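Here the structure comes first, spelled out in structure tokens, and everything after it is commentary.
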Protein chains: 2
Amino acid sequence: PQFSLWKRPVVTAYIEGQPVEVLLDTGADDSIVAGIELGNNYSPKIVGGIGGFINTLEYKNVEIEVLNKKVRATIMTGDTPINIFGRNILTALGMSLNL
Amino acid sequence: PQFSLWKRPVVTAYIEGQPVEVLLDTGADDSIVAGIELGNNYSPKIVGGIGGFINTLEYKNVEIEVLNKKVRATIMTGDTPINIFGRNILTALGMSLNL
Ligand SMILES: CC(C)[C@H](C[C@H](O)[C@H](CC1CCCCC1)NC(=O)[C@H](CC(N)=O)NC(=O)c1ccc2ccccc2n1)C(=O)NCC(C)(C)C
């Protein structure tokens with residue numbers, strides 16, 4: 001692949017067969033997605049940004065599959081208008097930011 | 001070339017000659033730098049983030065030098081918990097997200 005940033009990096013990933021449309025965010029440290037069943041083994045946490053805090057639920061070791069690559073990362077469940085795939089996943093996907 | 005997302009993408013930049021430390025955020029439409037005086041040619045704007053919406057003072061055609069590039073882009077001042085260089089500078093700088 002290769003992504004020009006004239007339009008937000010929007011991709012389709014699978015959070016265990018569950019298709020979701022996620023944003024390629026080099027600025028997030030963690031990743032958040034909505035309306036996903038990930039089970040009962042979660043870690044309650046709050047995250048802060050611009051505008052304040054939100055409560056998520058951390059699920060470690062969730063297998064994902066994006067851009068023809070399979071990764072096993074950590075995702076949290078919070079309510080966001082848009083799902084984010086921060087660096088935890090980008091670094092795993094083997095993603096870089098070039099010039 | 002490329003770079004890694006292991007390292008959180010933090011850089012130093014001169015925002016109209018003030019060295020400012022910023023975060024290369026390819027999941028941000030805009031540029032929000034906190035506590036800097038840019039003048040009187042503003043225009044209040046509204047930016048949305050994860051935790052909510054913050055009120056900002058919009059400054060256009062601001063002179064920016066980052067990663068050894070001179071570029072003039074719209075800078076937004078505000079209450080961001082962290083200074084970000086949105087995709088509006090990422091297009092300008094000619095950056096792309098590769099895999
Ligand atoms: C503050 C930083 C460092 C980082 C912010 C992200 O890059 C972050 C991710 C999401 C984008 C979509 C809406 C949810 C938040 N981006 C942003 O906060 C940028 C800032 C900007 N205006 O340039 N926001 C936006 O680009 C943006 C526009 C669409 C929106 C629609 C509705 C509500 C909010 C919206 N925010 C962050 O908060 N990380 C923590 C994490 C991953 C838990 C959010």
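No hydrogens, no waters, no symmetry mates; every other heavy atom, side chains included, goes into these values. Chain letters run A, B, ... following the sequence lines, proteins first and then strands; every chain starts at 1.
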Shortest non-hydrogen contact between [X] and [Y], atoms and distance:
{"X": "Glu58(A)", "Y": "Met76(A)", "answer": "OE1-CE, 3.3 Å"}
{"X": "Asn98(A)", "Y": "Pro1(B)", "answer": "CB-O, 3.2 Å"}
{"X": "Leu93(B)", "Y": "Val71(B)", "answer": "N-CG2, 4.4 Å"}
{"X": "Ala28(A)", "Y": "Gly86(A)", "answer": "CB-CA, 3.4 Å"}
{"X": "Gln18(B)", "Y": "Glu37(B)", "answer": "NE2-O, 3.6 Å"}
{"X": "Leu97(A)", "Y": "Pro9(B)", "answer": "CD2-CB, 4.4 Å"}

- Would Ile64(A) and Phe85(A) count as a side chain to side chain contact (heavy atoms under 4.5 Å, CB included) if you check the C-alpha gap in whole Å, the side-chain angles of each, and the deciding distance to 0.1 Å? CA-CA 11 Å; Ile64(A) 302 154; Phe85(A) 271 17; 3.8 Å; yes
Has the side chain of [X] got a donor or acceptor atom that lies under 3.5 Å from a matching backbone atom of [Y]?
{"X": "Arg8(A)", "Y": "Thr26(B)", "value": "no"}
{"X": "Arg72(A)", "Y": "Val62(A)", "value": "no"}
{"X": "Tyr59(B)", "Y": "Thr77(B)", "value": "no"}

- Message: If hydrophobic clusters are built by linking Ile, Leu, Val, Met, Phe, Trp and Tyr wherever their side-chain heavy atoms come under 4.5 Å apart, do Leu38(A) and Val66(A) end up in the same one?
- Response: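 In one cluster with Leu38(A): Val66(A), yes.
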- Message: Do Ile89(A) and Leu23(A) sit in one hydrophobic cluster, given that two such residues count as connected whenever their side-chain heavy atoms are within less than 4.5 Å of each other, even indirectly?
- Response: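 No, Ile89(A) does not connect to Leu23(A) through the hydrophobic network.
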- Residue list, side chain to side chain contact (heavy atoms under 4.5 Å, CB included) with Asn83(B), at least two apart or on another chain: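 Here the qualifying residues are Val20(B), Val22(B), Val33(B), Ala34(B), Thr80(B).
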- For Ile32(A), what are the other residues in its hydrophobic cluster, where any two members join if their side-chain heavy atoms are less than 4.5 angstrom apart?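 Via sub-4.5 Å side-chain contacts, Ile32(A) links to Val47(A), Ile54(A), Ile84(A), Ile50(B).
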- Residues that, via side-chain heavy atoms closer than 4.5 angstrom, fall in one hydrophobic cluster with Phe53(B): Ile46(B)
- CA sep, side-chain torsions, deciding dist, call: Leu99(B), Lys69(A), side chain to side chain contact (heavy atoms under 4.5 Å, CB included): CA-CA 10 Å; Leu99(B) 169 71; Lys69(A) 277 70 210 175; 4.2 Å; yes
Does the side chain of [X] reach to within under 4.5 Å of the side chain of [Y], using non-hydrogen atoms?
{"X": "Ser96(A)", "Y": "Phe3(B)", "value": "no"}
{"X": "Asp25(B)", "Y": "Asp25(A)", "value": "yes"}
{"X": "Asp30(A)", "Y": "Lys45(A)", "value": "no"}
{"X": "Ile75(B)", "Y": "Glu16(B)", "value": "no"}

